[PDB]
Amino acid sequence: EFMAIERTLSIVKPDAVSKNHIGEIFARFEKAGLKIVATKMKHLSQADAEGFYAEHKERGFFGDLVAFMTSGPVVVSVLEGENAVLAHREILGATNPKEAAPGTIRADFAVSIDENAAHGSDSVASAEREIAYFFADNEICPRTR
């Protein structure tokens, strides 16, 4: 081990779920050495989505964001690995798919920032909050084999 093991939140957003890219996206996580240690498919209620993005409730984009993130089922996951927060963001690419590097999830599975295929926690601090929002601690499944 050379970097601290971290946990970060992934969401496969309703666009990428609807286009059946869950496996492709998961496979990218695993290829990069991250471990999926929790996952569940959910259709977010309005309150679920509003609570997750509560920091931004007064922002102009909030309504559309909440509508999109409740428009179809998502997959929420916890990814574990060395340097996971930044490693995940590297795989994801830039938040804006138009700026995302070739071969990244945003570049390959999205075209615009409003529907950009996947979420990743921005920081170690925000990951702790985001994971706790969707998962009980005892829901997370450490590897035992």
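One rule holds for the numbers: they count along the sequence shown, beginning at 1.
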query: Stretch with the greater mean C-alpha B-factor as recorded in the entry, comparing 8-16 against 120-128; finding: 120-128
query: Selected stretch [higher average CA B-factor]: 45-53 or 96-104; finding: 96-104
query: Identity of residue with top Cα B-factor, from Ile36, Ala27, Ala110, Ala67; finding: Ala110
query: Chain third (lowest, middle, highest) by recorded CA B-factor, residue given as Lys40; finding: lowest
query: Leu79 - Cα temperature factor, lowest/middle/highest third of chain; finding: lowest
